[PDB]
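See below for the structure under consideration.
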Amino acid sequence: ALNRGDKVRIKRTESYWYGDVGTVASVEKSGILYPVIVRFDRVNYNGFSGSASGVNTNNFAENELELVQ
Amino acid sequence: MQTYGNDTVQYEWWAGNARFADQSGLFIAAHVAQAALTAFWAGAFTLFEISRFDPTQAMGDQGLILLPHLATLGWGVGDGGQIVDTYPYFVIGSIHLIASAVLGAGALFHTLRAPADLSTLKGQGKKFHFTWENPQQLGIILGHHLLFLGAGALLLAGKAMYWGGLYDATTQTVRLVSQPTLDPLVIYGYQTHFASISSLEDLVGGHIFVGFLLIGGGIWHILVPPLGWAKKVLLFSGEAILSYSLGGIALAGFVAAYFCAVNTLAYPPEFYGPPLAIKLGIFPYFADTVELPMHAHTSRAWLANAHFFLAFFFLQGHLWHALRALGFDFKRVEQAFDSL
Amino acid sequence: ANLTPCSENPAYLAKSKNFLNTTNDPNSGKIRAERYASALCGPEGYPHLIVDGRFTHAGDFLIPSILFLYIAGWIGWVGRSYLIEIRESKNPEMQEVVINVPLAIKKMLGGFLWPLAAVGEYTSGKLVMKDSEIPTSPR
Amino acid sequence: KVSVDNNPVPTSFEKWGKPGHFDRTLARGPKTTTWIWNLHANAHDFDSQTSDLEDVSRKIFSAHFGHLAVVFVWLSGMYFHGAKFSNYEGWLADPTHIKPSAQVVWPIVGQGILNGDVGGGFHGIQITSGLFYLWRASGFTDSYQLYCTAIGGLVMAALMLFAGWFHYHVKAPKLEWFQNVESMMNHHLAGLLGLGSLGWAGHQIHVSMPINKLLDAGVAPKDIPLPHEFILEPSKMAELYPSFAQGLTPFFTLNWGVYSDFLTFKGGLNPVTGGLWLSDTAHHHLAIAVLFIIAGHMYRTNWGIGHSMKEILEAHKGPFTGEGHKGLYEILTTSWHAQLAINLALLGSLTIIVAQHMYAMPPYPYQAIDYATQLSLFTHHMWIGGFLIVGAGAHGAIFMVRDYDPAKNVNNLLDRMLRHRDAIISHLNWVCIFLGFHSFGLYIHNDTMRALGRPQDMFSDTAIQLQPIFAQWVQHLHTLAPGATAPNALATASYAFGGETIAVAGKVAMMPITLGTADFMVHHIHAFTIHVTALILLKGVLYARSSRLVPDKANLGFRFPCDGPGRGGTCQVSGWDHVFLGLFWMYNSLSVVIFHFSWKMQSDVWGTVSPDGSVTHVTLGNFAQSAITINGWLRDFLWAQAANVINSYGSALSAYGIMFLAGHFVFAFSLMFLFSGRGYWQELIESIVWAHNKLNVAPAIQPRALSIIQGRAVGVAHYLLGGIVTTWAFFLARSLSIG
Amino acid sequence: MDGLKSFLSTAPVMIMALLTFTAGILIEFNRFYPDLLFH
Ligand code: CLA
Ligand code: CLA
Ligand code: CLA
Ligand code: CLA
Ligand SMILES: CC1=C(/C=C/C(C)=C/C=C/C(C)=C/C=C/C=C(C)/C=C/C=C(C)/C=C/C2=C(C)CCCC2(C)C)C(C)(C)CCC1
Ligand SMILES: CC1=C(/C=C/C(C)=C/C=C/C(C)=C\C=C\C=C(C)\C=C\C=C(C)\C=C\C2=C(C)CCCC2(C)C)C(C)(C)CCC1
Ligand SMILES: CC1=C(C/C=C(\C)CCC[C@H](C)CCC[C@H](C)CCCC(C)C)C(=O)c2ccccc2C1=O
Ligand code: SF4
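Chains as they are written, first to last, in PDB author numbering: chain E, 2 to 70; chain Y, 1 to 340; chain F, 5 to 143; chain A, 13 to 751; chain J, 1 to 39.
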């Protein structure tokens, strides 16, 4: 139950962004497990060694997100 | 300011003094704060020079800058160029210190209590309101400053004649100079050897002549408004009058730097050190004939070189502001390099 | 203390007659020899430093100590608040790679109010972040 | 045949404020701090930015002009420091006694003690580069000629910078101008090497010969005629040599035998000044000029005559070699990395040849007397040569990964050599292990025989002696050469093979170097380490395409850390990591080579001389029976000769002590990057990001640890820097203490 | 020169100008007042 562009804190407890805020880019349709597309500004450890950047967008669930707006 | 369009202009903090150049009260406040800073430097540094003075040595070798400026007027000078009693230097230093205190108090008064523009006043404050476009009020301010400089020249004249005695390099005593020169033809002829005059009566005669000339210019500028022949040739803005004043003070600094290094009676050789030699290396500086041990220089060298370099950079400040007053963009010179 | 002062130490008085000139001033070793006379030396002739906190030797330690504690705090505050004012302009990455040098010069000049600003930021809560909104690592 | 495009790239300063524009993944944005290291790791990778063979080639050409500006401003700094802040005219007044110094230090923090008394009242730091003897060989007299040479060098530095801007942004050449490789080869042969050798032959005839002749006669400074006065008055040149009255006319009628009084074949050394004869080197440079310009017309460009190299490579094919060199002309004119590997290999071996020739035939006046100049010039050129050979092993692998197209070269020498990579490497490491046991286990064996108190079972000369008979026979042939196999030569090629002891100013220039069994063992040590470095680099070249462990190595790139922890583990498998290992092995090889040089030359060659003919050396002949032990290499060389670095405080050689300890520091600092891996430091840096996020000071540039290749690169860089700085400080402080 | 002001304000040139200014004032303070172990 989130909009498209609201700040939300993550409570994944196993991700790189754990406690960092993110903007919900889109919420997909129901039925799937992790529909909440969340984008961040800080990239994670991703890619091969010596890569210039990583990824920021990620599919998250609903019950592990704390809305801060 | 110039304001080549964009009437509501915003300056950043590194040009932060350009923000109050249109307003009136802060324009008074910053300048009287600056005059408070000059009076503070004068009084506090002649006190600091009394604090670091040794009578067992000569004067100009130890960096004595303000005490020779007071001893040329002959306040606490004894015999043979020796200073044994320094009361009036401390007196004039305390006078300048309390004068700086009251000038800074007036500066903070005009910053805080007096408003920005003097057009919102009702009584005498509305008469002091000025704008950079009407030249009449600027002429009134111009004439009153002319009158005050003439009054200062008359006070120096009274110090030379009645209020005390000056100092000479011939007898090396005080001298109550009376009966100066009265002829203006020889003053017209003094445009060639003004550096070495070698007579104090001619000095006080030139001072009373330039003082009466200043009073004449003052009453002339108060009496008549500025005419229309100069308004077609002189620009009327803040930076224009800033440019004219900057060129004037740069020329005055060059003249004072020439006067310091070569004179002998307005700068005595026992107070400022020996007269200098104009030596051009990369830039024309002023070198001494003898060399001081601890890489040191006399007061004449410091005064002449500092006033020369400050006059040079004030000439380039006049150049910057005068090209700014003529409509030049100054990112046009960056756009000329970028088009290339 | 068991250390003799340099005003009467025999090894220091034997070693001060030939102190080497460091700078181009030819009397630099002699003025160093009379500058280090106030300090105390051991049995070798070298000036030791009492660091216990007693103020009679505070010129050995405490007087430069707080001097550095100004300048480091100055650098720290200039490095901190500048990051805050590039937390958003349009993109902080290029403003960290190339420097917004008028903003940097503004912070570099204004950094001499750093300890009062530090107590102000500590009281306003904008110095120390909360223990829950910080991106911690998983246990 | 000139093909130039006009204005390909606009000159603009706006691209300078956007770092990382040359690569596609760097110009997006610095999201992570590793982008910064990538900005320096791909700044010269011009093959990864452009992929059209025309933009990269003009980028290389302008980069050559920029580097040439760097060398010209460096050479200008050498001549300017020799002009203004040196004692070149003072050293020229008295070359034997006082010592050269071309750097004065500002006394600020007590470093005025570095300005030691080098002789004649002048203070400063004594130079060991020895370009003063270069200047006396060229013919410099006063400091004004060095000053005008520095001014002309700075003029040509700005001229090369303007040529770089002109050849990239105004008039840049096309790809066919670069691929004219036969015109490039014969122009570089004749017009660059041969024409430059003819220019220096003319300078050695007119300037270097008469000035050094009257300086060997004993003419004081401010009494030598100016170098142009010999041309302006040929009588002053004709009174020194009788053949100059004959004029140019015997040269054209092939009457060269009357030129024999000033183009001699003396050889050996000059007994007055302790260097090569200037008439010998003048005749030498003239002969090299003639042979190079003759060889500078071999390749056809426009006039039909000449060898195009394509059918040269077509014609060489044998039974073992299949199709021969069919395809290599298309390889070496379409890939810059193969040309870089060949040129770095041959420039590295050239620089090592330069070091191995500039110690037994000292070409400069008073160079062999100054031991610090001789030792520093030897070891520095040894290190530059070994570095460039490792770069050959690098760019061979880069050619294999990104510039090797297997469809064009089928059954040629490159394909056949890649087809039996196991039969090459499995014999190369066998001879590595055989040399390793038979050059190091000999050292362990007589170390143990000396430690067990039985010296009759060692490998000494009094013990079981391994006499190097082949080089001793070669020395016998070089001693017997002048008069039998070189009849117009008076002296030998050098006095290191065999002959008299050359003494100049109380010191020894060059005496014959006998080769005992210690030289046998240390030469096999040298051949062993050369074989191992030529194993790591060669198996980085051959195994860069694919393998049996990982057969997908070409698609992963040249510079990748690993394939993963699988197959037991595949870390350090790329062609880059073989260069990373070969750099340490070049360090070990050249350290032992310059150690053998320094100890043998200061135990059997150098030292003072006595008027009755007896020679006393610096270490009194330790290399005979004490260079065969590891404890002998430690006690008598690394402990005894390091005392001049240790006990030199409060003196002129005081900076070398705090460079000795500095080099030990950078070695020990390199071990942190070499031993540890990235993921520890990533797990620690993220905790420091937590401690920054607690105070809201965490940077928006994401701070994270170095890459794995970056960690190995900074480890090998600090290792080689620390070891070379330690050896530099030790060699300079020792050989400046011994004179 | 709209790009020269950005190139002179990159991180290496600004940190080199700041370290040159810091080393300059440190060397000048150590020339006019040398050998200060304490206060
Ligand atoms: C009569 C004196 C006078 C006055 C009233 C002004 C007034 C003004 N000038 Mg200015 N100027 C002057 C002299 C003067 N100038 C001289 C002599 C020069 C030549 C060096 C300049 C060069 C100059 C430039 C290049 C610019 C101005 C600008 C300006 C305007 C913005 C306010 C400002 O200066 O920024 C506030 C002042 C500061 C922040 C000070 C800067 C800090 C300096 C670098 C440190 C001081 C240097 C040094 C330590 C001084 C001590 C010397 C020695 C004892 C060691 C303002 C109207 C600016 C303008 O028109 O833009 C709107 C502008 O770009 N001026
Ligand atoms: C100016 C920004 C800044 C600030 C405020 C801090 C503040 C802090 N750092 Mg730190 N750090 C910085 C930059 C900064 N760091 C940088 C750039 C690096 C990479 C070299 C580090 C590496 C680092 C490590 C490895 C550690 C800290 C730690 C700490 C904390 C303890 C104090 C300390 O040891 O600092 C001392 C600072 C250093 C040793 C390195 C900084 C040295 C540079 C020269 C300071 C200036 C940086 C920058 C150029 C200035 C920007 C000015 C701006 C106008 C552009 C403290 C919160 C420690 C910690 O976790 O505490 C719990 C710790 O272990 N820092
Ligand atoms: C003719 C000489 C020459 C030329 C043109 C090249 C050219 C090239 N090499 Mg290369 N190389 C050479 C010699 C040469 N090399 C030699 C002799 C070696 C053996 C050491 C190597 C080893 C080598 C490796 C291992 C790699 C390259 C790579 C590359 C390519 C990219 C360069 C790059 O990103 O570095 C940009 C420049 C730098 C990173 C600067 C390096 C700074 C060094 C490490 C420190 C210098 C220490 C200094 C002297 C001491 C003082 C510093 C301090 C104490 C004050 C480029 C085509 C890379 C490549 O192709 O990857 C795909 C690559 O990975 N080269
Ligand atoms: C001092 C430490 C050390 C030693 C001894 C070696 C030794 C060796 N390295 Mg090596 N290496 C080292 C450090 C060392 N490395 C480091 C730091 C690096 C980092 C860059 C490398 C990188 C490296 C590479 C990249 C390669 C080697 C290779 C080799 C082998 C070459 C063959 C040889 O010399 O014959 C064998 C010589 C010895 C074993 C030393 C002699 C010792 C005596 C004679 C043997 C003991 C006698 C007897 C067995 C004792 C019996 C007692 C009983 C109780 C067992 C050799 C085993 C190469 C290899 O293995 O292929 C050929 C190879 O390719 N090394
Ligand atoms: C910046 C600014 C400004 C300005 C200001 C100013 C610049 C000020 C100045 C001021 C001043 C500058 C003041 C002064 C003061 C003074 C004082 C403070 C004094 C005191 C002294 C004393 C008290 C002394 C005493 C004594 C005596 C009398 C004698 C005996 C001894 C003794 C020495 C003790 C303004 C606001 C506009 C605006 C904003 C910014
Ligand atoms: C006096 C003395 C002493 C003592 C000392 C002590 C004992 C110390 C302690 C210490 C401690 C017990 C400390 C604590 C601390 C804690 C904390 C908690 C801290 C805080 C910090 C922070 C928070 C930071 C911040 C900042 C600043 C301030 C600036 C810059 C920026 C930053 C952010 C970095 C001694 C004996 C040595 C000697 C004598 C003298
Ligand atoms: C310490 C370490 C790190 C951490 C490396 C870091 C944090 C790099 C440190 C760089 C700092 C910022 C120093 C800057 C480097 C130079 C001193 C810059 C020169 C600046 C002057 C000219 C002013 C690794 O990432 C690593 C990776 C793989 C194997 C081993 C290691 C490893 O040992
Ligand atoms: S240890 Fe490192 S380099 Fe080796 S396989 Fe694992 S990840 Fe790759």
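Note that the Cβ used here is the ideal one computed from N, Cα and C, for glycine as well.
Residue i CB to nearest heavy atom of ligand 1 below 7 Å
i          : result
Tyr-285(Y) : no
Residue i CB to nearest heavy atom of ligand 6 below 7 Å
i         : result
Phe-90(Y) : no
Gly-77(F) : yes
Identity of the residues DSSP links to residue i by a beta bridge
i          : result
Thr-628(A) : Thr-620(A)
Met-522(A) : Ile-514(A)
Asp-17(A)  : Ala-184(A)
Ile-138(F) : Partner(s): none; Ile-138(F) has no beta bridge.
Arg-324(Y) : DSSP output for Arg-324(Y) lists no bridge partner at all.
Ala-277(Y) : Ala-287(Y)
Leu-673(A) : For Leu-673(A), which the question treats as bridged, DSSP gives no partner whatsoever.
Closer than 7 Å: residue i CB and nearest ligand 2 heavy atom
i          : result
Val-709(A) : yes
Any non-hydrogen atom of ligand 5 within 7 Å of residue i CB
i          : result
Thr-86(Y)  : no
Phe-48(Y)  : no
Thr-127(F) : no
Chain F contact residues for residue i, given Cβ-Cβ distances below 7 Å
i          : result
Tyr-19(E)  : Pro-139, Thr-140, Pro-142
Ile-120(A) : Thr-27
Contacts of residue i in chain E (Cβ-Cβ under 8 Å)
i         : result
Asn-50(A) : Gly-51, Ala-53
Proximal residues of chain E, C-beta to C-beta of residue i below 9 Å
i          : result
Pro-577(A) : Residues of chain E passing the Cβ test: none, with the nearest at roughly 13 Å.
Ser-136(F) : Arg-10, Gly-20
Interface residues of chain J facing residue i [CB-CB closer than 8 Å]
i          : result
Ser-32(F)  : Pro-34, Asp-35
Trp-28(A)  : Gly-3, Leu-4, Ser-6, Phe-7
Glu-334(Y) : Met-1, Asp-2
Residue i: contacting residues in chain A (beta-carbon distance under 9 Å)
i        : result
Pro-9(F) : Those do not exist, as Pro-9(F) stays about 24 Å from chain A at its closest Cβ, beyond 9 Å.
Amino acids of chain A, ordered along the chain, whose beta-carbon sits closer than 8 Å to that of residue i
i          : result
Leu-107(F) : None at all; the shortest Cβ gap to chain A is about 15 Å.
Listed by chain order, chain J residues near residue i by CB distance under 9 Å
i          : result
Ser-682(A) : Near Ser-682(A) there are no residues of chain J at all, since even the closest Cβ is about 23 Å away, more than 9 Å.
For the stretch 32-47 of chain A, which residues have a beta carbon sitting closer than 9 Å to at least one beta carbon of chain E?
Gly-32, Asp-35, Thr-37, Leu-38, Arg-40, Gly-41, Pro-42, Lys-43, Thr-44, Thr-46, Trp-47
For the stretch 705-731 of chain A, enumerate the residues whose C-beta is nearer than 7 Å to any C-beta of chain F, in chain order.
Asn-705, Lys-706, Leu-707, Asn-708, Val-709, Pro-711, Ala-712, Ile-713
Which residues, in order along the stretch 3-14 of chain E, keep a beta-carbon less than 8 Å from a beta-carbon of chain F?
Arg-10, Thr-14
Got a sec: which bits of the stretch 5-33 of chain J sit with their beta carbon under 8 Å from any beta carbon on chain Y, in order along the chain?
none
Quick check: the stretch 6-23 of chain J against the stretch 680-689 of chain A, are at least 3 beta-carbon pairs closer than 8 Å?
Not touching, per the Cβ criterion.
Is it a yes or a no for the stretch 287-305 of chain Y touching the stretch 33-42 of chain E, going by three-plus beta-carbon pairs under 8 Å?
no
Check whether the stretch 353-369 of chain A touches the stretch 559-571 of chain A, taking contact to mean three or more Cβ pairs, one atom from each stretch, closer than 8 Å.
no
Anything in the stretch 81-99 of chain F with a Cβ closer than 8 Å to a Cβ of chain E? List those residues in chain order, please.
When CB distances to chain E are screened at a threshold of 8 Å, not a single residue of the stretch 81-99 of chain F falls below it.
Within 8 Å of chain A by C-beta, residues of the stretch 110-132 of chain F in sequence order:
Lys-130, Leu-131, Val-132
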